[PDB]
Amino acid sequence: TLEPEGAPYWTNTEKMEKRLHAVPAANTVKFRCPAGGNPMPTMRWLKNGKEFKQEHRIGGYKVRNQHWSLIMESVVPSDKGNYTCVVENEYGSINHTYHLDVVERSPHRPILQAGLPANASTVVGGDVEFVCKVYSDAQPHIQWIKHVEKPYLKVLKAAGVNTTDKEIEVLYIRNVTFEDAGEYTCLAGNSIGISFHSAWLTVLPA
């Protein structure tokens, strides 16, 4: 039966320990602050410490101060931030803050930086370099190949379990020979697809 008057309190802490809410864009998000107290506590939401009105985002949001929750659907990058529930009655005010992280994913084949690797020229005996810079969400597997002996391709360098970023990014060719002239390619593959960029090595005499 009826229980005594007092400042508000959390009735369910188990649906509230998940402080960081990280979801992909367009997903719905629900923050809970299940409260108790008598008189019946009032609930209020702040977005990055400020009054959070309905018109502050497109589509608004649904507040169920029956469920002590805030629901925002179709989450987008402009919603990222801290959400604070301020719950109070005449004897006190408690509160909690969630962190909303909206992630944007790019399910694509690896994107090689425009123009790399670049063609190179050298006198026989000189040194050259080839650079490859890759952008990828899925973990990519990168390697350097040579279109040769004319059967096709020769693997010059490849990424493995513990090879550094620095190592595979630059392909060094020391003491260039005429045999070293030809096409160099940076090959990058992920679970979505493969991309490659070629560079020609011009070897000159002198």
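Start at 1 and count along the sequence shown; that's the residue number.
- In the deposited sequence, the stretch from residue 166 to residue 167 has no residues without coordinates, so the chain runs on without a break.
- If you average the C-alpha B-factors over 140-148 and over 65-73, the higher value belongs to 65-73.
- Averaged over Cα atoms, the B-factor as recorded in the entry is higher for 92-100 than for the other of 115-123 and 92-100.
- Out of 12, 198, 191, 195, the entry records its largest CA B-factor for 12.
- For the set 181, 40, 155, 170, the PDB entry puts the maximum C-alpha B factor at 40.
- The deposited CA B-factor of residue 108 belongs to the highest third of values across its chain.
- Ranked by Cα temperature factor within the chain, residue 16 sits in the highest third according to the deposited record.
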